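So the structure is just underneath, and the comments pick up after that.
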Amino acid sequence: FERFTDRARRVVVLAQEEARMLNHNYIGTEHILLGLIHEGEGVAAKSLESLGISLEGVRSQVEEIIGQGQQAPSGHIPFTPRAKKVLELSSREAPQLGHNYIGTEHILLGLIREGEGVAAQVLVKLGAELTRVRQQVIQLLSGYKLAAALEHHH
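When you line the sequence shown up against the authors' numbering, it's residues 2 to 155, in that order.
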């Protein structure tokens, strides 16, 4: 979890809370996606919205599939191997873009690249294909960079 930002670490805490609220006995890709969409002003959320995807629409489609469990375990809810894979893919996606940090945008790209999980299935069906979201990530950051250079020009 070394290079995780405050916001990228809060998405994993909210994943544990989302699993607990639904009384699930596991943290899957679904809970990392439900964690992510709390951060409405981050690059991940802004990337999806700029592709005409709505956050509460993502929530409804994830929740319809995964349902509700019997009872959350009393201790830590265990991450699934694919949930672990999403987090590993997120930290390999950051360097490839030339980023010195793991942000909400890398977790979104991790969820999509994982490919097999509920998160990837929901996002792909809403038109959140990997290369399309990557391009949107890059354009948003380049777009933010230009606005802040205008600011900087006092």
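Where is the CB? At the ideal position from N, CA and C, for every residue including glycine.
- Starting from the C-beta of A20, find all residues in its chain whose C-beta is less than 6 Å away, skip the five residues before and the five after it, and write them out in chain order. Residue numbering aside, residue 20 sits at position 19 when the sequence shown is read from its first letter. Hits under 6 Å: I28, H32, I78.
- Task: Using 10 angstroms around the beta-carbon of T132, count the other beta-carbons present and answer buried if the total reaches 16, otherwise exposed.
- Result: Locating residue 132 in the sequence shown gives position 131, counting from the first residue. Flag for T132 reads exposed.
- Message: If you reduce the DSSP assignment to three classes, tell me which class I28 lands in.
- Response: The sequence position of residue 28 within the sequence shown is 27, counting from 1. DSSP, read as helix, strand or coil, puts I28 in strand.
- Message: Can you look up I113 in the DSSP assignment and give me helix, strand or coil?
- Response: As a working note, residue 113 is residue 112 in the sequence shown. Reduced to three states, the DSSP call for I113 is helix.
- Query: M22 to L56, Cα distance in whole Å?
  - Reply: Here residue 22 is taken as the residue at index 21 of the sequence shown, counted from 1. Here residue 56 is taken as the residue at index 55 of the sequence shown, counted from 1. Each residue's Cα considered, the two are about 18 Å apart.
- Task: Measure the alpha-carbon distance for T6 versus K85 and round it to whole angstroms.
- Result: For the purposes of this step, residue 6 is identified with residue 5 of the sequence shown, where counting begins at 1. For the purposes of this step, residue 85 is identified with residue 84 of the sequence shown, where counting begins at 1. Going by the C-alpha atoms only, they are around 17 Å apart.
- Query: Excluding sequence positions up to five away, which residues of its chain have a Cβ less than 6 Å from the Cβ of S75?
  - Reply: The residue you call residue 75 lines up with position 74 of the sequence shown. Cβ neighbours of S75 beyond the five flanking positions: none.
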